[PDB]
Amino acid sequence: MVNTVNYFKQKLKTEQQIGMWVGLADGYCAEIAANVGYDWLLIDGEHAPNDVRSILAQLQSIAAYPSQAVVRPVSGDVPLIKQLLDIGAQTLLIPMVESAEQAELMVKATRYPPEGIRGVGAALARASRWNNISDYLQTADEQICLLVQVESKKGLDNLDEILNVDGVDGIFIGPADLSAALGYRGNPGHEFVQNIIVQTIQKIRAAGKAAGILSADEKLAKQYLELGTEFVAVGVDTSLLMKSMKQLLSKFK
């Protein structure tokens, strides 16, 4: 077996990838989402009730389907990153990255020694398919993709520095945390927030990195796609479930 090819990572340079947020925290729900045809599925370990074991079950469901999995850990925690890479998550989205120093540590967290600090346990790992991928320890680093989130004033204050970190493949902008950080909590639609988001996307792409964002607003999502944003999540499974059930009931109240 050759290592699983990270098509999400390759496509960061060749196309615009449409994503779905997966917060239903369940292998069965993850499989339903995997049938739809999204370019990527974000398995949310930060804001959905997930742990390593529930994330593994969702990787296993999704693996049969072309959709690429991206995992967001609860924080940029080196041991947790180690665990998520070993269960076979090839793309990580680190929340609340705020400095070049923190971004560099997240790069190292994803790479084996001697260049990185990723713990070695290939005999045990779904990532190597329990050494059925025979050259895994040589080929692993190449198919790993590191995305970091800028979603605080401190992150924006360190954007040029983060964008100069070799090994950051992409910067994702989270309008919820960012709008709240800017004192517009629950109102990311405000011009003050939007102008900052647009400038941030332009700077990301100007530094040769992939830009990403989430918007459930179709107009904002198509606007970000017209700017060239490489990875755009266009909704959230929990929101689509709740909204579809509410809209149906409303026809009968």
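Each residue number is its position in the shown sequence, starting from 1.
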If you take the mean CA temperature factor per stretch, which one wins between 65-73 and 46-54?
65-73
For 26-34 versus 187-195, entry-based mean Cα B-factors point to 187-195
Highest Cα B-factor in the PDB entry belongs to which of 176, 92, 103, 117?
176
Maximum C-alpha temperature factor, selected from 99, 134, 149, 83
134
Determine, from the deposited record, the chain-internal third of the Cα B-factor for residue 79: lowest, middle or highest.
lowest
Going by the CA temperature factor in the PDB record, which third of the chain does residue 140 belong to: lowest, middle or highest?
highest
For residue 238, the third of its chain into which the C-alpha B factor falls:
lowest
Against its chain's modelled residues, does residue 204's Cα B factor rank lowest, middle or highest third?
middle
By the entry's values, the third containing the CA B factor of residue 210 is the middle
